Structure formats: structure tokens, C-alpha cells
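Report on one structure; see the data block that follows.
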Amino acid sequence: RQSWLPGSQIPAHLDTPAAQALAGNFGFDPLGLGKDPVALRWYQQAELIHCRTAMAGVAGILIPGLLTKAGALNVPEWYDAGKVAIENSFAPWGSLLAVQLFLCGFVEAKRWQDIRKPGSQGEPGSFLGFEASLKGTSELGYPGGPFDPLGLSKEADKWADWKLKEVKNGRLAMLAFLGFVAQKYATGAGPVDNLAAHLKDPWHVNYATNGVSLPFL
Amino acid sequence: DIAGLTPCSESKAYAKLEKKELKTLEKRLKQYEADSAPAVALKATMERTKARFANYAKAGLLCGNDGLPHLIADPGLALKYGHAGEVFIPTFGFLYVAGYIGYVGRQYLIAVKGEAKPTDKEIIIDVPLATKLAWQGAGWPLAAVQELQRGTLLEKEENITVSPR
Amino acid sequence: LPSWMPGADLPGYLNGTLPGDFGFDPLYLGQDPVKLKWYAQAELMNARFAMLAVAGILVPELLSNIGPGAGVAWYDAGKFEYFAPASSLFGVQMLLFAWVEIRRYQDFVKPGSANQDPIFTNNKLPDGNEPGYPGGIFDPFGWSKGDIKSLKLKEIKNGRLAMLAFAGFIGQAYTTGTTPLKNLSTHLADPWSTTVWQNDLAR
Amino acid sequence: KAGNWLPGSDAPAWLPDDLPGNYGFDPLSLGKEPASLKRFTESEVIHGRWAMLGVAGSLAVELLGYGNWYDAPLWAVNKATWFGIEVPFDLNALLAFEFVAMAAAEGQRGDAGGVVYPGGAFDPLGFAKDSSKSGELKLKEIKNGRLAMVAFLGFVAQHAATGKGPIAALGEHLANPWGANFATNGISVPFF
Ligand code: CLA
Ligand code: CLA
Ligand code: CLA
Ligand code: CLA
Ligand SMILES: CC1=C[C@H](O)CC(C)(C)[C@H]1/C=C/C(C)=C/C=C/C(C)=C/C=C/C=C(C)/C=C/C=C(C)/C=C/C1=C(C)C[C@H](O)CC1(C)C
Ligand SMILES: CC1=C[C@H](O)CC(C)(C)[C@H]1/C=C/C(C)=C/C=C/C(C)=C/C=C/C=C(C)/C=C/C=C(C)/C=C/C1=C(C)C[C@H](O)CC1(C)C
């Protein structure tokens, strides 16, 4: 099957019927972190959450960052947006961080207890009316009900394709955000400015010339 | 600042010690030729001395009443006053590399106990298995907490004890 | 069967059932039949909006060069008055196209389920549903005598040609900075000194 | 069945036809389980009735010429009034009387098990003493309540955009329809 290295041997824990059918399996565990199946279940969940919040974050970087080079949406840089936003806001940042810690803690603890038991949040009485729509959809990490409003998860023949598009765009958005961080430290300009500088002179403006990434040259 | 310590860029005994070391090096320098190898060696020594004092004054170190850098070992006080790079980041760097070494040794022991000659692998090292475990040991904290949570990190009370236990 | 490149090996999932099936899929984008359904309908939609777009770019500029409220180029159509701001027109456009688009999508999901007028419950499209090819009031002038096939193939050929033409107008206008019929007039005035290679190397 | 929210779609199997407002609208499958659906029928009827009263109140406040629903609690941040006649209270006493009265009425309503339609002293004129036009009146009631809920959320979003009351913005839409809507606003569509 498909692998991250054609020719390397696939590890025995990623070549099982419980692992081959997950999403985006390419036999990539050179550190052997997923040998414990409970650990692989937990790491599947951590990967899905990092994928989804990395896509949402990198979209919040790029689409305001692309449209600010167009006409509308005078938006500051992402390493400057929190300061301008807290100058425009109504609350200090500590109060807003406390509110988001309570609001995220409730939701994350719901997801926590649904990881610990799959049939957990469907207790009758536990919720006013959201208790019957807070179960899973037989595959943990992929909930239904109020999550997924448009009903696209219902169709079974598209479903592995939807999963694999999600995991590829998510891993790619994780690389995008780590590149946003490193590009921010090495250059000091925005990522669209880095893309414009690589398009203006590709053979002279890259990470071999920034003087930071490999300083032995 | 912390504990009545002045910053080293503000301390006067720090500059006095810098000037005293440059004075000793130039008193050793002034008895040679201009472009000779002892002169080049002492000028490189003076260059490293000036660079070291500039780097210590740059990093925000705290000097005392004698002009020497003092370190702060309290997580919250150093994270508050910007001294986290002297104990806190070094202690987590050390715990990473020390647990690396310990986890690679533990995996080598458990790998060689399952053979017909565990002692013979302890005297004569299985180099490919040692290099495989050495490369795989970069995810040692994750594997350590996973072996902790499964109960396979510990041996039970099948251990060796004395007659009064 | 006509191929895009005679002698080449054609993909097995392309079988002449679609209008304009010439076997052209080198990137193998439509091996899934469900994706092929979505791509056939999207080809029809992009092609028909491209045909209306190329007509709406040609015909006002073709009439402005000869002997009417505005003779303005297509990319400067936003900076004109139109009795109202463009935002209100955007809102009206999005409401009415939300209606029409969601009704067409519900036809595509379940064929035979979006046919009759909901207000006037006797007006109705006939049972020859064919998602992408409605009929009825959408064919008022009594066409489809020549059966359906040749006109479908003419429709997809004019549509692919207009999609290429609109990709044209965007590219030519972004590079040369001018209007397309003036670009055609410069190519007809001296084609041997006005090529893409000439205008590229003129930079 | 009251109709179909989307023609061509299928009716959900958990919604019965002897129930008012059953257009088959449940995409999220929220009321699939019967106890949840019973609680949601209760909540839908109560939200609809409170929204009818609230929309009629905001319309009467602005049509009778005493500010709008947004200008009404402004005296307490700064003297109450009603029909242009002063009311001699403050927000602490008003909050006390309102909390006692709503606690008593709500508690008497919540003592009953699943009573959506009480009748009795709540129905003095005896309209639902026939059980044939009563279901039609329930359907009229749930449609008017849904329309009033949509109207009140429209009031809130409309004032958060424009800063004006509903009747004044209705007059602005009747005056300049192509220059006063949610798009000359500059908020509902963030471009242009
Ligand atoms: C997510 C993908 C991604 C993309 C498209 C870019 C693009 C760019 N980077 Mg960034 N960067 C990235 C991730 C990315 N980077 C990561 C993960 C790091 C940390 C290692 C950095 C750290 C970094 C520094 C320090 C600098 C750049 C610079 C640049 C620009 C010049 C090209 C270059 O030398 O790149 C460097 C390339 C890498 C570091 C390796 C890329 C990692 C990916 C995962 C490899 C796989 C790519 C894939 C096969 C094909 C590309 C995908 C694309 C089509 C979407 C270019 C706009 C330079 C700049 O700012 O120019 C003005 C520069 O100085 N990057
Ligand atoms: C090894 C033992 C040890 C000792 C003796 C100290 C001593 C101190 N800590 Mg430190 N600290 C330690 C380890 C230690 N720390 C560890 C392991 C952590 C990580 C959890 C911290 C994280 C930390 C933070 C975030 C802060 C301190 C602070 C302090 C100072 C005052 C604390 C106090 O009054 O509460 C009595 C002391 C204890 C109960 C000993 C344990 C300390 C706990 C872990 C934190 C106590 C913080 C305290 C409640 C906040 C006081 C606010 C201050 C403005 C009055 C004091 C010098 C505070 C400071 O910076 O003051 C200038 C402060 O804000 N520490
Ligand atoms: C105010 C709360 C409320 C509640 C509790 C209900 C409850 C119900 N509705 Mg009703 N509905 C409402 C308001 C409400 N509705 C409004 C305002 C409208 C007009 C838009 C409708 C239109 C409607 C139709 C056409 C139908 C129903 C039906 C139902 C029943 C089954 C659906 C279900 O199980 O979901 C449970 C419902 C909820 C859990 C509602 C809670 C609100 C969610 C959690 C958030 C919604 C936010 C909202 C989308 C924000 C809009 C902002 C805007 C800018 C987009 C259930 C009794 C079906 C029925 O059989 O009638 C009895 C049916 O066919 N509803
Ligand atoms: C209950 C039905 C209803 C009616 C009759 C109105 C009427 C009006 N709205 Mg309001 N509004 C409503 C609901 C309604 N709204 C809802 C649900 C929201 C939240 C999404 C808003 C948020 C809103 C904003 C932000 C603004 C208005 C404005 C206006 C005024 C200008 C026209 C316009 O642009 O509409 C707004 C258009 C929509 C909300 C989209 C249409 C979708 C509707 C709700 C579907 C139902 C309509 C139905 C099919 C036909 C009308 C039924 C009615 C006769 C009972 C006009 C008086 C503007 C204004 O103040 O002008 C000066 C303005 O800026 N509305
Ligand atoms: C797999 C494996 C396995 C084997 O065994 C081994 C190894 C190899 C080691 C491994 C690997 C690993 C890796 C690579 C990892 C990575 C990760 C990442 C990168 C993540 C990110 C991740 C990322 C993320 C989350 C992110 C997110 C983001 C966000 C939210 C953002 C936000 C924001 C915005 C909007 C803007 C503003 O202004 C600000 C802020 C606030 C800033
Ligand atoms: C159905 C369903 C189902 C599926 O499954 C899913 C989904 C879709 C999600 C869902 C939907 C939902 C929705 C839409 C909702 C909405 C709601 C609302 C709107 C409410 C309101 C509601 C509203 C309401 C009650 C309101 C009320 C009001 C009131 C009382 C008012 C009052 C007042 C007045 C007089 C005036 C003064 O001066 C002040 C005040 C005080 C202000």
C-alpha cells in the first residue's frame, strides 16, 4: 500500500485492520509512538483536534492576509492582530482568557469524557434536550447531530474520501502554521510578504540567504 | 531587582572586572611582536573576553556586590522577571536528555533479556539494536507516560526481598 | 469514437454516455462515478455561465465600436452608477440565486422531486427529468426534435470554448492591460509583430 | 402534517402527524427521542408565546410614540413611565416584584408534568371545548409564534446593525428601498 517511503518496511502496529482503516495511514511512525493501541487511539484524537484547529487558525492567517493585499479588509499581521484587537476591544486580555478557559473547558471536558467512554454523553437526564444528540457516530473523533449540520456525513460512499481530505488538509495546515512561526522569527515580515519575496527573486530570497536557518554558510 | 541584585549592564564592579581582565591580557600582550602568533592568540583571547562580557550583559543577568552573574532558581520569579533561560529551560533540557539516556538503556535491557544469552549481549553490545533503540528513543516522554498508565512501567511484588521484607 | 488524441489509450470509465466524451482525462480525475456525476454537472454550470459571460463581454463591446447607455469595458463595469450601490444588488443576487440554486441542487440530489411550481400547484415540468437538462418551461420554443444528443454535444463544445475564452479574457486583460476586441484588432493589424511571445518579451 | 419545509425531502420518522407545526423540519435530528421532543414542544410553545407578547410590546411602544424597545430601560441606567404616565419604582424593587411573581407563576407551571395546553381559568372563553378546530388553532398559534420569534431576532439584529427601531427602519426601507436595506448597512455584508 501507500507509504511515506517507498521501500521502507511498514511498522507492524500501523499494518493491522484497526490501523489501516483509520485515515491517511502511510506507515509513518519511525519513533514507534503508536505501538500501544490505546495510545494510538489517543493520538488519533490529538491529531484530529490539532488538524481542525490548525486549519481554522491558518485560514484566519491567510484569508485576511490575502485579502489585505487586495482592496478591502485592512487587517494587521497575525503577530500584531492581538494587540490591535485588544486596543479596539472592551475587556482586558486576562478576563477574555478566563472566559475562554471556562467555555473551552466545558466543551473539552465533554470531549474528554466521550474519549474515555464512547457511549457516555447520551445519559438521559444529564442534558435538557441536547443529551440525545451528544453521542458519537460509531467512530470516535467524528461526532454527529448538531455537529455536521449539512448532513454530508450520511453518505457512505464519499466518507473515506472526506476523512482523507480532512487529514491531508489538516496535516498541511499544521506545517503551514509552524512555517508561519519560523518565517516570523527569521524574517520579521508577513507570510504573504514572504511569498511575494520568493516570487520576486526565487534564486536569491530563501532560507539559505536569511542568515538564520543555517548559519554555517 | 531580585534580592537587591543590580543588573550586570548597570553594575560597576562588572565593568571593573572586565577592565581588569583586559588589563592583564594586554600586560601579557605588550611583550611580543605585532603580527606574531602569541600576539594573534592573545588578541583572539581579548576578543572572546569582550564578546563574553557583552553577551552576559546582553542576556539580562543579575550581578551582585562583586560583579558576578547570579542565577535565579524559582520558576515563577524567573518567569516573571525574565530569567527563565538560566535554570528553568536548562532543567527541562537536562530532563529531556537524561530521560532519553535512561529510556534507551531500559529498552536495551528489556530487548536483551528475551534471549538465550542476556549477559553475553550485556558484555558485547548488539550495535544495530542499540542504534535502533537510540533513534527510536526520541519519543521517550510519551512512551514513558504510556507505560506508566498501563501498569507495565513497574514490576509487581515478584521482586527480591529479605526475610523481614 | 472520436478521441482527443488519436491512437491513445482511453480510460475505461469514459464511455460516450456523457456529452462530449472524448476520453480526455490524463490526471484521472473522474475514476469515481460519483465524482464524475458532480464533475459533469459542474462542467455544465461553469460552461453555461461562461457562455453568458463571453456573450456579455463581446456584444456590448462589439456594439460600442459601431453606432447604449455606457460603452465601458467589462472590467470597469463596477465603477458605474446603476441607480443603486453594488452591495444592495449583491444582496438581491444572493437571495434570488440562493432560491434558484438550492432548488436545482435538490433536483440533482433527488431527481423527480423538484418539478412543480409550489405557489401555482398545476404548473409542472414533465417527467423526463435528466438532472442538468430540465426541459419544460426551460425549453419553451419547442426544441429537442433532433433527438437530444447532437445538441448536447454542441452545447458542451460551445461551453468549453467559452470557458477557454473567459480564461482568455482574464489572462489577456491582466497581461496586456487592455480590452479584448482591441487586442484582436492589434492581432489583425500586424500579427507577425503582435504575438504572446512579442508582448511577453516587450517587458 | 402542516406541510413540507423543503419539497422532495422526506418526513422524519420520529415526528407524528397529530402534532401542530409538523413541517418535518429536523435536519440535526434533535428531537428523535421522545422525552427530548416533549421538552422541545413545551419550549417551542413557550418561546413562541413570549415572543408574540414581546413583538407586540415593541410595536406598541414604537407606534404609540414612546421610544422603542431599546430606549425603554434607559431610565434605570440614568424615572419609569407607562402610557406617558410615571411609575414610582426603581430597578431593585421592580426586580424583586418580577422575581417573586415569575418564580411563583413559573413554579406553578413547572409543578405540572407535561401540560402545554392548560385551559380552564387560562381559557375563559372556551375555544378549545370542541377538539376539532382546536388543532387548527394550535397550528395557527405555532405559526404566529415562529413568525414572532423570527421578527424579534430580526429586531435585535436590525438594531445591532442600524441603531434604530423597527418602524423607523421600515420607513427607511419604504422611502429608499435600494438605498436602505441590510447591504447599504455596511455590517451584514462586510465588503464594498
Ligand atoms: C507549509 C508549507 C510551506 C510553504 C509553501 C513555505 C514557503 C516558503 N517558505 Mg517557509 N517554512 C515552512 C513551511 C512552508 N514554507 C516550515 C515547516 C518551516 C520551518 C522549518 C519554514 C521556515 C522558513 C524559513 C526560515 C524561511 C522560509 C521561507 C519560505 C519562502 C521561500 C521558499 C523557502 O526557502 O522555503 C523553506 C522551505 C522549508 C523550510 C521546507 C518546507 C517544508 C515542507 C513541509 C516541505 C514539503 C513541501 C511540499 C512537498 C511541496 C510544497 C507544498 C506547497 C505546494 C503548498 C516560501 C514562501 C523563507 C522566506 O521567508 O523567504 C522570503 C525563509 O527564510 N520558511
Ligand atoms: C521548591 C520549593 C519552592 C519554594 C520555597 C518557592 C518559593 C517561592 N515561590 Mg515558587 N515555584 C516552585 C517552587 C518553589 N517556590 C515550583 C515547583 C513552581 C511551579 C509550580 C513554582 C511556581 C511559582 C509561581 C507562579 C510563583 C512562585 C512564587 C514564589 C515566591 C512566593 C510564594 C509564596 O508566597 O507562597 C508560599 C510558598 C509556597 C507555598 C512554596 C511553593 C510555591 C508554589 C508552587 C507557588 C506559590 C505562588 C504564590 C501562591 C503566589 C504569590 C504571589 C505573590 C505576588 C505574593 C517564593 C519565593 C511567586 C512569586 O513569584 O513571588 C515573587 C509566584 O508568583 N512560584
Ligand atoms: C426557540 C426555540 C425553539 C424550539 C425549542 C423549537 C422546537 C421544535 N421545533 Mg421549531 N422553530 C423555531 C423555534 C424553536 N423550535 C423558530 C424560531 C422557527 C422559525 C424559523 C421554527 C420553525 C420550525 C419548523 C418548520 C418545524 C419546527 C419543528 C420543531 C420541533 C422539532 C425540531 C427539533 O427537535 O429541534 C429542537 C429545537 C431546538 C433545540 C431549538 C434550539 C435552538 C438551537 C439550539 C440554536 C438555533 C440558533 C438559530 C439557528 C440562530 C439563528 C440566527 C440567524 C441569524 C441565522 C421542536 C418541538 C418541527 C415540528 O414538528 O414542529 C413542532 C418543524 O417542522 N420548528
Ligand atoms: C420576519 C421577517 C422580516 C421582515 C419583514 C424584515 C424586514 C426588514 N428588515 Mg429585517 N431581519 C429579519 C427578519 C425580517 N426583516 C431577520 C430574521 C434578521 C436576522 C437575519 C433581520 C436582520 C436585519 C438587518 C441587519 C437589517 C434588516 C433590515 C430590514 C428592512 C429592510 C429590508 C431588508 O433588507 O431585510 C433584511 C433581509 C433579510 C433578513 C433576508 C431575508 C430573509 C427573511 C428573514 C426570510 C423570511 C422573509 C419572508 C420569506 C418574506 C417576508 C415575511 C413577512 C412579510 C412576514 C425591512 C423592514 C435592514 C434595515 O434596517 O433597513 C433600514 C437591515 O439593515 N433586517
Ligand atoms: C507524526 C509523528 C510520528 C512519528 O512517530 C514521530 C514524529 C515524526 C516526531 C511525529 C511527527 C510530529 C509532528 C511533525 C508534529 C507537528 C505538529 C504540528 C506542526 C502541529 C501544529 C499545530 C498548529 C496549530 C494547532 C495552530 C493553530 C493556530 C491557531 C489557532 C492560530 C490562531 C491565531 C490566529 C488565527 C491569528 C491571531 O492573530 C493570533 C492567533 C491566536 C495565533
Ligand atoms: C427548529 C430547529 C430544529 C433543527 O433540528 C435544528 C435547528 C435548525 C437548529 C432548529 C432551529 C432553531 C431556530 C431557528 C431557533 C430560533 C429561535 C428564536 C429566533 C428564538 C427567539 C425567541 C425570542 C423570544 C422568546 C423573545 C421574547 C422577547 C420579549 C419577551 C421582549 C421583551 C421586551 C419588550 C417587550 C420591550 C422592552 O422594551 C424590552 C424587552 C424586555 C426586550
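How things are named: the first chain in the C-alpha cells is A, the next is B, and so on; residues count from 1 in each chain; ligands count from 1 in the order shown.
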
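Every protein or nucleic acid residue with an atom no more than 12 Å from residue 17 of chain C, counting only C-alpha atoms and leaving out same-chain residues fewer than 4 positions away, appears here: residues 1, 13, 21, 22, 23, 36, 37, 40, 149, 152 and 153 of chain C.
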
Export of the given selection (N, CA, C and O atoms) as a PDB file, in the first residue's frame:
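Final output, part32.pdb:
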```pdb
ATOM      1  N   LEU C   1     -15.147   6.098 -32.437  1.00  0.00           N
ATOM      2  CA  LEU C   1     -15.317   7.107 -31.398  1.00  0.00           C
ATOM      3  C   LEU C   1     -14.198   8.141 -31.447  1.00  0.00           C
ATOM      4  O   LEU C   1     -13.022   7.782 -31.476  1.00  0.00           O
ATOM      5  N   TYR C  13     -13.720   4.276 -17.755  1.00  0.00           N
ATOM      6  CA  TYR C  13     -14.930   4.863 -17.195  1.00  0.00           C
ATOM      7  C   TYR C  13     -15.559   5.917 -18.097  1.00  0.00           C
ATOM      8  O   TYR C  13     -16.647   6.408 -17.782  1.00  0.00           O
ATOM      9  N   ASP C  21     -17.826  13.263 -24.804  1.00  0.00           N
ATOM     10  CA  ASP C  21     -16.951  12.270 -24.189  1.00  0.00           C
ATOM     11  C   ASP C  21     -15.880  11.909 -25.208  1.00  0.00           C
ATOM     12  O   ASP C  21     -16.102  11.088 -26.101  1.00  0.00           O
ATOM     13  N   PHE C  22     -14.710  12.526 -25.069  1.00  0.00           N
ATOM     14  CA  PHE C  22     -13.597  12.335 -25.988  1.00  0.00           C
ATOM     15  C   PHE C  22     -12.446  11.580 -25.342  1.00  0.00           C
ATOM     16  O   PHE C  22     -11.382  11.444 -25.954  1.00  0.00           O
ATOM     17  N   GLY C  23     -12.632  11.087 -24.122  1.00  0.00           N
ATOM     18  CA  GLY C  23     -11.611  10.300 -23.466  1.00  0.00           C
ATOM     19  C   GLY C  23     -10.500  11.092 -22.821  1.00  0.00           C
ATOM     20  O   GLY C  23      -9.501  10.506 -22.405  1.00  0.00           O
ATOM     21  N   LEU C  36     -17.663  11.768 -10.932  1.00  0.00           N
ATOM     22  CA  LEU C  36     -17.935  12.034 -12.340  1.00  0.00           C
ATOM     23  C   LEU C  36     -19.307  12.671 -12.536  1.00  0.00           C
ATOM     24  O   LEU C  36     -19.462  13.530 -13.412  1.00  0.00           O
ATOM     25  N   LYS C  37     -20.295  12.290 -11.715  1.00  0.00           N
ATOM     26  CA  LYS C  37     -21.595  12.964 -11.715  1.00  0.00           C
ATOM     27  C   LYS C  37     -21.453  14.431 -11.336  1.00  0.00           C
ATOM     28  O   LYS C  37     -21.990  15.326 -12.016  1.00  0.00           O
ATOM     29  N   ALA C  40     -19.661  16.339 -14.103  1.00  0.00           N
ATOM     30  CA  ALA C  40     -20.500  16.580 -15.276  1.00  0.00           C
ATOM     31  C   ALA C  40     -21.445  17.751 -15.046  1.00  0.00           C
ATOM     32  O   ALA C  40     -21.571  18.645 -15.901  1.00  0.00           O
ATOM     33  N   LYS C 149     -29.058  14.368 -28.588  1.00  0.00           N
ATOM     34  CA  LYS C 149     -27.639  14.058 -28.415  1.00  0.00           C
ATOM     35  C   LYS C 149     -26.737  15.098 -29.070  1.00  0.00           C
ATOM     36  O   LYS C 149     -25.790  15.596 -28.442  1.00  0.00           O
ATOM     37  N   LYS C 152     -26.780  18.399 -27.300  1.00  0.00           N
ATOM     38  CA  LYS C 152     -25.967  18.307 -26.085  1.00  0.00           C
ATOM     39  C   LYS C 152     -24.483  18.442 -26.395  1.00  0.00           C
ATOM     40  O   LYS C 152     -23.741  19.111 -25.661  1.00  0.00           O
ATOM     41  N   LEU C 153     -24.034  17.812 -27.482  1.00  0.00           N
ATOM     42  CA  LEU C 153     -22.619  17.869 -27.829  1.00  0.00           C
ATOM     43  C   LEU C 153     -22.227  19.257 -28.335  1.00  0.00           C
ATOM     44  O   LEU C 153     -21.135  19.751 -28.021  1.00  0.00           O
TER      45      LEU C 153
END
```

Kindly work out which residues sit at most 10 Å from ligand 2, using only C-alpha atoms and all ligand atoms, and give the list as a ChimeraX atom specification. /B:2,73-81

Give me, as a list in words, the residues of chain B touching chain A, with the criterion being at most 8 Å (counting only C-alpha atoms).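 Matching residues, ligands excluded from the count: residues 135, 136, 137, 138, 139, 142, 143 and 146 of chain B.
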
Selected residues, C-alpha atoms, written as a JSON list (two decimals), in the first residue's frame, please.
```
[["chain", "number", "residue", "atom", "x", "y", "z"],
["B", 135, "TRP", "CA", 16.98, 6.55, 17.20],
["B", 136, "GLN", "CA", 13.58, 5.40, 18.50],
["B", 137, "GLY", "CA", 14.15, 6.95, 21.92],
["B", 138, "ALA", "CA", 13.20, 10.49, 20.86],
["B", 139, "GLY", "CA", 9.59, 9.95, 21.89],
["B", 142, "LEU", "CA", 5.22, 9.93, 25.54],
["B", 143, "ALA", "CA", 6.23, 6.27, 25.73],
["B", 146, "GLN", "CA", 2.05, 5.44, 28.27]]
```

Please identify every polymer residue within 10 Å of ligand 4, using only C-alpha atoms and all ligand atoms, and present the set as a count of residues only. 50

When distances are computed from only C-alpha atoms and all ligand atoms, which of D:43, D:18, D:1, D:69 shows the smallest separation from ligand 6? D:69
